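In the entry's author numbering, the protein residues as written are 1 to 206. We treat Cβ as the ideally placed atom computed from N, Cα and C, and that holds for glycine. Note sheet for the following structure.
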Amino acid sequence: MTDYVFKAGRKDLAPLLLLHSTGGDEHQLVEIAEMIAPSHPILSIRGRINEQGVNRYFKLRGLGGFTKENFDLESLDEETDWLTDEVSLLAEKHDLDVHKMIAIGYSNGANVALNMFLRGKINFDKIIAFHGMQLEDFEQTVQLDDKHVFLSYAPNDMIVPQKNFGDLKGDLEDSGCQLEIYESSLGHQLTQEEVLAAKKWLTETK
């Protein structure tokens with residue numbers, strides 16, 4: 001039984017899909033999204049992974065000393081099939097248009113949104129990814145030439161290697177995306193300043 005929040009907002013405005021960080025839940029990003037995109041309908045879906053009571057979108061290997069080697073790509077693939085189908089089903093139920101959807105994710109959720117976009121599993125209109133990273137290297141057969149995407153990064157983020165963030169930006173730009181990059185100073189932590197930066201960016205790109 002899917003754990004999710006829907007908050008109607010103004011029906012004619014683009015819907016937001018919220019995706020939480022590790023250990024977050026469907027309520028984590030709600031007030032943040034309300035600051036970024038006031039009045040927009042909100043759909044927020046909890047990850048299905050709960051190993052040791054930590055909510056996540058896909059499994060780790062536990063090789064916690066590693067970055068990409070710790071990501072279970074079979075799980076990533078299975079859960080992203082599930083999530084794309086779930087988004088379509090709930091958009092159906094709540095009369096939302098997936099092609100207008102703005103994904104707003106933080107860490108784990110941001111990674112999953114970015115991966116779905118790059119794999120062509122969901123045609124989001126825009127993505128706002130706070131402290132995201134590349135999960136896997138693959139052949140992208142997506143063309144995203146018209147799309148706008150906001151990414152934050154901190155150079156003291158122990159979790160996201162510089163090279164890894166370079167590969168994420170490169171995969172998006174190779175697909176044709178127009179990127180805005182915001183640099184924060186609190187490592188992996190979501191900052192008030194990066195959220196205001198995304199709010200401002202959305203007013204410019206909306």
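Looking only at C-alpha atoms, which of the options sits nearest to residue i?
i, options, result
"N108", "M116, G170 and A37", "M116"
"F124", "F130, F138 and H148", "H148"
"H20", "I45, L151 and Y182", "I45"
"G24", "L186, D72 and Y4", "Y4"
"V87", "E31, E204, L17 and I159", "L17"
"residue 227", "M1, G187 and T2", "Residue 227 lies beyond the residue range present for the chain, which begins at 1 and ends at 206; the question has no answer from this structure."
"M158", "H131, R48, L179 and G47", "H131"
"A91", "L43, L179 and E173", "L43"
To which residues of the same chain is residue i closer than 6 angstroms at the C-beta, ignoring the five residues directly before and after it?
i, result
"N70", "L60, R61 and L63"
"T191", "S184"
Output the boundary residues of the beta strand (DSSP E) element that contains residue i.
i, result
"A103", "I102 to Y106"
"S152", "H148 to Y153"
"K121", "Here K121 belongs to no beta strand (DSSP E), and DSSP marks it neither H nor E."
"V5", "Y4 to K7"
"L19", "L16 to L19"
Go through its chain and collect everything with a Cβ distance to residue i's Cβ below 7 angstroms, but skip five positions before and after it.
i, result
"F165", "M133 and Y153"
"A8", "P41"
"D171", "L118, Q134 and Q140"
"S39", "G9, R10 and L13"
Cα separation between residue i and residue j?
i, j, result
"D81", "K121", "8 angstroms"
"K11", "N156", "40 angstroms"
"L196", "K206", "15 angstroms"
"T22", "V160", "14 angstroms"
"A103", "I32", "13 angstroms"
"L168", "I36", "23 angstroms"
"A14", "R119", "22 angstroms"
"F150", "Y182", "8 angstroms"
"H94", "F6", "8 angstroms"
"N55", "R48", "7 angstroms"
"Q28", "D174", "32 angstroms"
"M101", "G65", "35 angstroms"
"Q189", "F138", "28 angstroms"
"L89", "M1", "13 angstroms"
Which whole-angstrom value describes the C-beta separation of residue i and residue j, a residue pair presumed to lie in contact below a C-beta threshold of 8 angstroms?
i, j, result
"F58", "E26", "With a Cβ gap of about 17 angstroms, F58 and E26 do not count as contacting."
"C177", "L144", "5 angstroms"
Can you give me the Cβ contacts of residue i inside the same chain, cut-off strictly under 8 angstroms, excluding the 5 residues immediately before and after it?
i, result
"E136", "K68, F71, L73, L76 and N115"
Which stretch, first to last residue, makes up the alpha helix (DSSP H) that contains residue i?
i, result
"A33", "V30 to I36"
"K163", "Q162 to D174"
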